[PDB]
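# Tertiary structure, described
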Number of protein chains: 2
Amino acid sequence: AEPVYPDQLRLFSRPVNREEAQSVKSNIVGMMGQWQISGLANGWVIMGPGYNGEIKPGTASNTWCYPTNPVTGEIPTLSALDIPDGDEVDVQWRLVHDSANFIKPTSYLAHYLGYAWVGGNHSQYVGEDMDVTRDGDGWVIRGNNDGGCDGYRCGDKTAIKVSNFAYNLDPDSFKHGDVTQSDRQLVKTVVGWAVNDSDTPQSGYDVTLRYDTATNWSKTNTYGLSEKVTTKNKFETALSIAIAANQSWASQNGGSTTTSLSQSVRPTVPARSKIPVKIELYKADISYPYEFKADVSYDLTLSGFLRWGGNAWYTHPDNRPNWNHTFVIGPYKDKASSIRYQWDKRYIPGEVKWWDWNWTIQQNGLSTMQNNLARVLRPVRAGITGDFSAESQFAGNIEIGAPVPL
Amino acid sequence: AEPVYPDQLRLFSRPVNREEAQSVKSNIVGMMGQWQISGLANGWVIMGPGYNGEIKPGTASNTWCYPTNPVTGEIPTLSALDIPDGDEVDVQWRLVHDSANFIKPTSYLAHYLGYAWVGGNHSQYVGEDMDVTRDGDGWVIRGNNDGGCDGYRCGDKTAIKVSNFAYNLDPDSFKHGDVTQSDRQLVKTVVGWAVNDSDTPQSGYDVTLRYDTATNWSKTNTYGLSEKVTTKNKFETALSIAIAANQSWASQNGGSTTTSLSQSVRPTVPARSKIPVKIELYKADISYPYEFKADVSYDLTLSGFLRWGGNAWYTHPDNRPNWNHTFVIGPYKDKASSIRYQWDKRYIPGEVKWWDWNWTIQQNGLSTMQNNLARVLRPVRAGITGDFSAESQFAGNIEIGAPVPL
């Protein structure tokens, strides 16, 4: 009737009913003896793996019990971390070089999940003596592999990758500067007049200029068959009758893309007057600077091989395979990359597809995992100033002139 | 003249006229003796299956009669069931693990319809000792098949499937949070000016940017025939005359799909001034959270084999076949999946195409079936909080700048 979190289960030598015991059968069987027959509510018992955890009517003194008023057990939320203002690359540099706020928690998370050799040769602790390097568009953190090491495959170090930075702006903080143009090329222009000979102001005028471009592609496959029969008689004259038949099949696929730009002018002309108009279109390069204040999020990738003694993957492999997994440190995008979703749904055995967080809680403790995950998911705020640039965009100009009396 | 429900028919040793007796002839013949000649109104009689239920003029003392003021006999409506707030999966988990509100009524319905072995090996009652498991997108409820059983094909248990959950929102309860973007890629931009040299404010300006994409496909079949005749003479010179004729037929089918996005700006410019404008288009990923309060509905599927002694299918098979049927527990969608429609139309023999509810009423009683169906169709309400996510959507930005005096 109520969800049961397997970490907060106790034995006394509120009782758990049959439905709740069956909902988490695998975990309860896992943390039990080979022939350990225990007890439940309303006269039911459970047995060990020897009896394949059968739930049958019976009685005992060891009653698996659960809190009458349990706590949440969720990951706490901490206060935001502020980074000094600068460019995007500067903010990323300041973030990935922070030891106690970024390097230790991520290394501890990788160690808890079961990755091997998270650390450097000059230290004996997790997350110490690590090197930071800049890739094409991201950063890599890995232990320093200098000076020789002792251990099986100690030369294979786990790597941490950071990329795909995103910014959640404050609505009232965005500003931009002057817009400049270069490498301008004319497309088309138009000039005209609007004449009014009536006794009333008139507004019914319109001049419009439009410009379009498009592309397309296609592919086709064809198959065919043919049969023919010929008879020849040398009765000198010769007669040759031939009859043939053919069948064919075809398939096609395609697509296209279009871009359009339009401009219009609609003047209001005073009585007994005329007004001139003009419209122009160009192609040019556009640049401008900007500033804002935002929240920072990114992607986190862990690469290495999983330890033989124990890892947290739900199948628990024991052949030391190489592994890659990506987490999104920020707003939700999908179940596979969300730590909060997997942590919250750990009471449903059918939802466990990627990581086994009950195993981590059992190995290390609830409070330790809670604190580590709270430090990993801490929000980040900073002030950003940058530049915009693009090539071969559009630029227009629409003008309404001064009236001329008639 | 008035509908006759066969369950509330009585014999006294308001009479039923010939038309009403003929409207429900098959049921009345069914609940009668082999040579039981009974009586009707206005001098008519009916006979048993031996005489193929002929209705002919005559007289008797056993008069089949019907209430002068009958009751409805409809399924009652109960009060709503409230589930504690949470995510969609949490609400589904709380719904499918409720014993007295969900598991017993559905099992009893499956038992009444004629399905076999609805229950577990550790109990002798219907709907007890059942197991709940989570599938890819639904839930399965089935009896626990452990410990051996006695009976013919007792190892084949009936399964109950729940899927396709839908929510009917309260209009004034929906809220959503901040919208965030990631993985942004530029499509096109445009900048421009709007100039006004007249003595009056002007509003006739327009700049528009549009973007389109499309796909298409096609298929073709062709057939053909051909005939030719040749004559050759070696009169050294040779003459070869040839005449040929051909016929062909072709057929084609195809389709396409298009998506378009457009943006426009139309500023109002003060007299003797100019205003700048800008339009941008991007592609990005979009996420935001939401909350609401709603009514919950779902689909119900029953899988098993029908009992040889008696089942409720309108043809009454006796070879123990495997059966699958789906009900929609909620608003009406079609006749085949609506319990209320089939229950209401049980007085028309020509409408009985799926289940024979008169048989269930005869076997178990009117009140029992009414109560069971009332418990099955009970409405459900809950509060829902979730997350939204999608990839490669559109994002735009339109700006009107500050005037510049000329």
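Residues numbered from 1 in each chain as written, not as in the entry; some residues may be left out. Chains lettered and ligands numbered in written order. Part of a larger assembly, values for the part shown. Heavy atoms only, no water.

Residue and element names in this part refer to chain A. Positionally, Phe165 belongs in strand β9 (residues 159-169). Here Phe165 falls in the buried class, since its relative accessible area comes to 18%. Along the chain, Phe165 and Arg134 lie 31 residues apart, while their C-alpha atoms are 14 Å from each other. (Helix = DSSP H or I, 4+ residues; strand = E, 2+ residues; numbered from the N terminus. Buried < 20%, exposed > 50% of the residue type's maximum accessible area, 1.4 Å probe, protein only.)

Let us now look at empty space enclosed by the protein. Which parts of space are left empty comes out when a probe the size of a water molecule is rolled across the atoms. Size it by volume and the largest cavity reaches roughly 110 Å³. As for the largest cavity, its lining consists of 18 residues, of which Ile398 of chain A together with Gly192, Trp193, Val207 and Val277 of chain B are closest to the centre. Of all elements in the fold, only β13 (237-265) and β16 (380-400) of chain A together with β11 (180-196), β12 (205-233) and β14 (273-305) of chain B reach the threshold of two or more residues within the lining of the largest cavity. (1 Å grid on protein atoms, 1.4 Å probe; cavity = no way out; pocket = protein on both sides within 12 Å on 5 of 7 lines; lining within 4 Å. Points joined across faces, edges and corners; volume = space filled by probe spheres on them.)

Take the sheet that holds strand β12 (residues 207-233) of chain A next. Taken in spatial order, the four strands of this open sheet run β12(A)-β13(A)-β12(B)-β13(B), and their pairing is antiparallel. The strands lining the two open edges of the sheet, one partner per strand, are β12 of chain A together with β13 (239-265) of chain B. Strand-to-strand, the axes of this sheet are offset by a mean angle of 10°, without reference to chain direction. Examined bridge by bridge, β12 of chain A and β13 of chain A share 27 bridges and lie antiparallel to one another. From the neighbouring strand, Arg210 of chain A faces β13 of chain A, where its bridge partner is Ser262 of chain A. (Pairing = 2+ DSSP bridges. Axes fitted to C-alpha atoms, helices over the stretch in contact; angles between N-to-C directions.)

Glancing now at the state of the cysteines. Residues and elements named next belong to chain A. Summed over the entire model, instances satisfying the criterion amount to two disulfides over all chains. Note that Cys149 is cross-linked by a disulfide to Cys154, the S-S spacing being 2.0 Å. Because the torsion about its S-S bond is 85°, the bridge between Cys149 and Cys154 counts as right-handed. For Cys154, a relative accessible area of 8% puts it in the buried group. (Disulfide = S-S within 2.5 Å.)

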